[PDB]
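Chains as they are written, first to last, in my numbering: chain A, 2 to 126; chain B, 360 to 489.
Take a look at the structure set out below.
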Ligand SMILES: [Zn+2]
Ligand SMILES: [Zn+2]
């Protein structure tokens, strides 16, 4: 089992950047896949990116070329670098982990953080 | 002569990251030094970082190892990547440009943006990184 804690959220101008971190506590972090999901109010919790135990990555089409997922097993930490942020990215961002799956389905991850709020302004504001 | 506009500011959790951009309008952007300066409440506009027209960099001791200044001459844009943000970093951040400046002095830069606000939460709100 792992416990996860996200950090790095904020409220930024469109086109800006943020970096989210997810700090894991528990045994065998290197054996977990890590996922990022996001939920806007009155919307379903959606796949953003995942990284496998071998650093194989997967991204939603909506964030390809803008977001980068990574991990540092020595720090038991995962990261989501978010560049060229858009108002469509506003949401609570959750990190999730699982040893038995590495998919784009939220039901396939059994360990979740509490979430970090990301807010992005309108375009050209 | 260039016109500058900063973007990318915001409010962020202590320990987080931002990236500020400075878009320049005008001729010969690649011939200008670009500086970032910041003004916290009750403070003067202080040097943060500069990049010369030959890509030579200079950082304030308070941001060395956390901030990275860069430029994209093809996009007439400069950048300030800010990692491991601290409450000490809360300020209005200004970009400045000059063809004839090789100093940390705000009087050596003749072209200024209007500023972008950066607000970092309290130290206590930050986690202990591994
Ligand atoms: Zn599972
Ligand atoms: Zn000058």
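Note that beta-carbon positions come from the ideal geometry of N, C-alpha and C, so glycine has one too.
CB contact flag (residue i, residue j, <8 Å)
i             : j             : result
residue 55/A  : residue 100/A : no
residue 35/A  : residue 92/A  : no
residue 22/A  : residue 80/A  : yes
residue 122/A : residue 15/A  : yes
residue 369/B : residue 85/A  : no
residue 186/A : residue 7/A   : The question about residue 186/A has no answer here: the residues shown for chain A are numbered 2 through 126.
residue 74/A  : residue 30/A  : yes
residue 426/B : residue 408/B : yes
residue 462/B : residue 411/B : no
residue 447/B : residue 484/B : no
residue 20/A  : residue 9/A   : yes
residue 78/A  : residue 70/A  : no
residue 76/A  : residue 430/B : no
residue 5/A   : residue 112/A : yes
Test: residue i CB closer than 8 Å to a CB of chain B
i             : result
residue 1/A   : Nothing can be reported for residue 1/A, as the shown portion of chain A is limited to 2 through 126.
residue 77/A  : yes
residue 107/A : no
residue 74/A  : no
residue 17/A  : yes
residue 41/A  : no
residue 98/A  : no
residue 24/A  : yes
Any C-beta of chain A under 8 Å from that of residue i
i             : result
residue 486/B : yes
residue 439/B : no
residue 378/B : yes
residue 404/B : no
residue 492/B : This structure cannot speak to residue 492/B, because chain B is shown only from 360 to 489.
residue 483/B : no
residue 462/B : no
residue 386/B : no
residue 366/B : yes
Residue interval of the beta strand (DSSP E) (run including residue i)
i             : result
residue 65/A  : Element bounds for residue 65/A: n/a, residue is neither H nor E.
residue 436/B : 436 to 441
residue 479/B : 475 to 479
residue 38/A  : 34 to 40
residue 363/B : 361 to 366
residue 369/B : 369 to 371
residue 93/A  : 92 to 99
Identity of the residues DSSP links to residue i by a beta bridge
i             : result
residue 21/A  : 81/A
residue 418/B : 408/B
residue 72/A  : 79/A
residue 27/A  : 3/A
residue 468/B : Bridge partners of residue 468/B: none, in fact.
Proximity test, Cβ basis, 8 Å: residue i and chain C
i            : result
residue 71/A : Of the protein chains in the structure, A and B, none is chain C.
What residues come near ligand 1, if near means a beta carbon less than 6 Å from any of its heavy atoms?
-> 99/A, 101/A, 102/A and 111/A
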